[PDB]
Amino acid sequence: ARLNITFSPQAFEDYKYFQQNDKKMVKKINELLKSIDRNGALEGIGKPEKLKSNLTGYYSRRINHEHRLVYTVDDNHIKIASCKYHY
């Protein structure tokens, strides 16, 4: 409710795919986004983790056993890089 939500082009295509083919995933993504806005990057549902990366700043939360939401947070927005990530 406080932060803007920014989808990368790929993330929004992922999101629209789930709108058409797996609405349960859309609902879970929306719940994860509410938790991020309320609690911050690292606390809440979805087993939040720092992204295994050589670049700091990105985190992930479990949508289901196969797919994680990958995102970063600042004072202005949650930026979503992917809705289908798996290491």
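Residue numbers run from 1 along the displayed sequence.
Relative to one another, 52 to 60 and 36 to 44 have unequal mean CA B-factors, and 52 to 60 is the one with the higher figure. Sort the modelled residues of the chain by CA B factor and residue 12 lands in the lowest third. Residue-level temperature factors show residue 68 in the lowest third of its chain, judged at the C-alpha atom. In the PDB entry, residue 79 places in the lowest third of its chain by CA B-factor.
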